[PDB]
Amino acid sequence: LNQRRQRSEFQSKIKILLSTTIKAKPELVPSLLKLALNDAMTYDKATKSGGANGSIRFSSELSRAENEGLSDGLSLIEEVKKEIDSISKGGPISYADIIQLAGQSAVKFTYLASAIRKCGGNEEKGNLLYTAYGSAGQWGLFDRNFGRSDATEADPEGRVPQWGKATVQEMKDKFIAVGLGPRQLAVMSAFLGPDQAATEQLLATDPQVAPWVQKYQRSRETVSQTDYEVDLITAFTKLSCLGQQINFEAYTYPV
């Protein structure tokens, strides 16, 4: 209870810091997305190893081809972690959490950009449109999965595609291997590359994924894009806590 509150007050502070930082550096949004994906996609059921554990901060993992071009995003993460650590009442925040939290703020940024765009670039109105729904209420479960532990080393090599050079079947296999499938692959378009339209053109060439891409394209044309937003959150939520046992009392302190 009191811990539920402490945690959420601590999340508010994190979120305002993330959105203002992302606001100063929007060209890193694709990096933050991919950083959250590539930290998570090492999860391997059989050996219960890998997953969303912050391993990706290790130079040994960061120099892997699949992780090319992610230095700048990881600097933003370090900078933001140092700032969050200085105001936390319940200890430093883990890398695994900040990486997934940077992901959430980047997602929100791409939703806000939609609203603004749908309003003839007018930024003041697009903010009101975005605020209207969210789907801020759909972040509920995601917001509860706060308290991930840090890995102390790189995740094993060889479990993450170089998305940019990958065929769609290498791509489906990655989602399948982690318990997902063609629908999650489609809705997580933005995570795969800096150019979602291009990513989605590639994805529509495989008939298993096609109907999902067309569905989400349709949803993104409606003003509210509710099904795109809700489904992304759902699958991202599953992805961000894989291999992780959440400490529901993390970031707690005397009342």
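Numbering starts at 1 and follows the sequence shown.
Averaged over CA atoms, B-factors in the entry run higher in 117 to 125 than in the other of 166 to 174 and 117 to 125.
When 137 to 145 is weighed against 69 to 77, 137 to 145 comes out higher, by mean CA B-factor as recorded in the entry. For the set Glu229, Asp39, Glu27, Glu221, the PDB entry puts the maximum C-alpha B factor at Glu221. Among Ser19, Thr234, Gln244, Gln11, the highest C-alpha B-factor recorded in the PDB entry belongs to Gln244.
In this PDB entry, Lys34 carries a Cα temperature factor that places it within the lowest third of its chain's modelled residues. When all modelled residues of the chain are sorted by CA temperature factor, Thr131 is found within the highest third. Split the chain's modelled residues into thirds by C-alpha temperature factor. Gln104 is in the lowest one. Ranked by Cα temperature factor within the chain, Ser88 sits in the middle third according to the deposited record. In the PDB entry, a CA B factor belonging to the middle third of its chain's modelled residues is recorded for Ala210.
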